[PDB]
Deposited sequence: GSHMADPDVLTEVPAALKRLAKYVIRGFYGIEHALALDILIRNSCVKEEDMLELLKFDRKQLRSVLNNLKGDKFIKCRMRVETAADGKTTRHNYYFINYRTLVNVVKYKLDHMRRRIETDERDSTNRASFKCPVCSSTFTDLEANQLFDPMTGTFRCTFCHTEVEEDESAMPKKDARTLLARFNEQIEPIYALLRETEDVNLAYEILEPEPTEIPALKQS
C-alpha cells in the first residue's frame, strides 16, 4: 500500500472523525485484515462502543467487512468479522464529500450576496445591498423603490475552507496514479 494512500486516510480520519475512529483505523493501517475481536482486545473499547465506530466507518465506506464462518474446536459454528481499509472506495467518498462541501459553501455565498436586503412595502419588489445604494434619493435623503418610488424597508467561509482543506487536496493529487 502506497504511503500517500495511508497518509490520506490518516489525515482524513483525524480531521473529520473522533479519536476512537483514528485509533481503530491505525490498526487497519498496521495490518491488512483484522478480526473485530482482536481490534476489541487491542483498543480496550466496550463492545458496543467499538461496533458503533466500525459501523460508522463502514457506512462512510472507509472500511469493509468479510465474514469467516468455520467450525470451532468445540464443534460449534464460529462467525468472525475481518475488517480492512478499502482504499478505492475511501478516496471516492472523500472526493464526493469535499466536492459537496465546497458547493454548499459556494451556494451559501451566492445566497448571502443575492439576499433580499430591502423590500418595497407597496409593490413587494426586493433589492440586494448592491442594488440598494442606487436607490438612494439625495433630494429626500432616503432609499426609494426603482419602480413605484415608495420608501423601501430593511428585511469568508470559502477562504477558510480552502486554507484548511489544501493538505487533503494535495494528498489526493499525490495518489492520482
Deposited-sequence segments unaccounted for in the coordinates: 1 to 12, 168 to 177, 200 to 220
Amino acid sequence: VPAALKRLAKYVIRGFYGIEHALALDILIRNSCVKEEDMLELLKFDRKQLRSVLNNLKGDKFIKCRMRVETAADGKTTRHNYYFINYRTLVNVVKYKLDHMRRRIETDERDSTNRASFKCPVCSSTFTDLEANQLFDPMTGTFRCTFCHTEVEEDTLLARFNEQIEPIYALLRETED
From here on, numbers count along this sequence of modelled residues.
Tell me which stretch, 38 to 46 or 117 to 125, has the higher mean Cα B-factor listed in the entry. 117 to 125
Given the B-factors recorded for C-alpha atoms, which segment has the greater mean, 24 to 32 or 143 to 151? 143 to 151
Note to self: of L135, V69, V53, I63, the C-alpha temperature factor tops out at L135
Sorting the chain's modelled residues by C-alpha B-factor and splitting them into thirds places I19 in the lowest
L158, C-alpha B-factor rank within chain (lowest, middle or highest third): middle
